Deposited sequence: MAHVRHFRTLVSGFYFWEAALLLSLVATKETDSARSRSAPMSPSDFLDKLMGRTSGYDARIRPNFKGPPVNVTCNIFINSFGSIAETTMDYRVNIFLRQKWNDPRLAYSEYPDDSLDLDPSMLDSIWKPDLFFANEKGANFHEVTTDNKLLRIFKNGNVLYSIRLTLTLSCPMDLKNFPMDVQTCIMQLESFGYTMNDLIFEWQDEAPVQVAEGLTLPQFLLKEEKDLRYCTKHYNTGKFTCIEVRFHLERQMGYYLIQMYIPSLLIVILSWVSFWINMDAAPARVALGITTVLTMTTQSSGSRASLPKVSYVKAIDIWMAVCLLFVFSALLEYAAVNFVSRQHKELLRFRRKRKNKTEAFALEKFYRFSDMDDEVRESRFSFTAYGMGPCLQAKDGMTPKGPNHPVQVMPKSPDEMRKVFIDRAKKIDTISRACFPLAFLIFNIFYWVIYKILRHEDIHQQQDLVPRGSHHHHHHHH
């Protein structure tokens, strides 16, 4: 029998299908099952506090007016251009900053109608979602991104969103991030929005991401270590080499200050302290203490033999004193941020 006729017969003016009316206009709410597939995931920025994702969005619901029985086939595909004659839910993303469709050669849409009236709807989207970040423990941190899917114009009495019982969130094979690691377990929960206009449905996804130490360890931690050792070099120089020792101290202090200033080049202007700030503060304290030690020795040496060995004893003590205290500080610093990071994400 001719396939062209049934397309308008099912849902035209002859049938009386009005796309502006819910499948059950007076009765129980419409239950919608949601499902996403993460195609691409990246472009995480701390300055603007957002990330970009590319997904396929799947929806399923039942419309009794779309049932058919005269074909022998159980399921049949449709055309993207005829989506304007079918009622569809008004899903939208709450934490969105910007989004757009894809129309590279045709409309990237999929529609499928079953015998009993089940509808499968799949579209391709790209999103710029906002994600607040807690930058305490900055180089060693875990973040939790959020994705919200809620209705806009339909109250809880009409639309109710749900998650598919099995496999709600799927990730494409081989997906990797240059800077983060994406965990394999996801948290699924519920919203409920209350406004002046009423009660609205919402569902939520949580992704856990861990930062990598490979880049930061090369970039920030090692050069400060080299500056500290370079400052320590001055303890073996003759005490009479005043221009040499003073120049070494001043250069080390200024370089440490510039490095500490440059450590916050690509971060938002937050108002609390961080791990990298503590590390740079301790390094500044060490180099400043070395320069003050030389200043004290230089002042002591010119008090005119009992004043000669007094100056030498300070250098002898300092040579074995500074690295030991630095080692103790390193031990405590690295232990406390591996017992504090050990706390559960949830």
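Residues 1-40, 345-418, 461-478 of the deposited sequence have no C-alpha coordinates in the structure.
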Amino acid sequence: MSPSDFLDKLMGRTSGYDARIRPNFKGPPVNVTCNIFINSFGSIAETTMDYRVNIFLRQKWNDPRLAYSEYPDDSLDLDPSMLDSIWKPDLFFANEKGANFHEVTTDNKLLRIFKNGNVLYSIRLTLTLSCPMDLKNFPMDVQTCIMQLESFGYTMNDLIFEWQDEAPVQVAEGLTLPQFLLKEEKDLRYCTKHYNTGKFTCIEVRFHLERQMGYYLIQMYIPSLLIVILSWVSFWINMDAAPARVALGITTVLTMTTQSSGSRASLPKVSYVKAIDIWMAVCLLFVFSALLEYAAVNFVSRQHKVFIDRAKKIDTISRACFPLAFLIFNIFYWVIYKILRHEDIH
From here on, numbers count along this sequence of modelled residues.
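C-alpha atoms forming the largest set that superposes within 1.5 Å between two forms make up the rigid core.
Where the structures in 8 other deposited structures of this protein are fitted on the rigid core, 307-315 is the one of 307-315 and 61-69 whose C-alphas sit farther from the shown form on average. Farther from the shown form on average, by C-alpha root mean square after a core fit in 8 other deposited structures of this protein, is 226-234, of the stretches 161-169 and 226-234.
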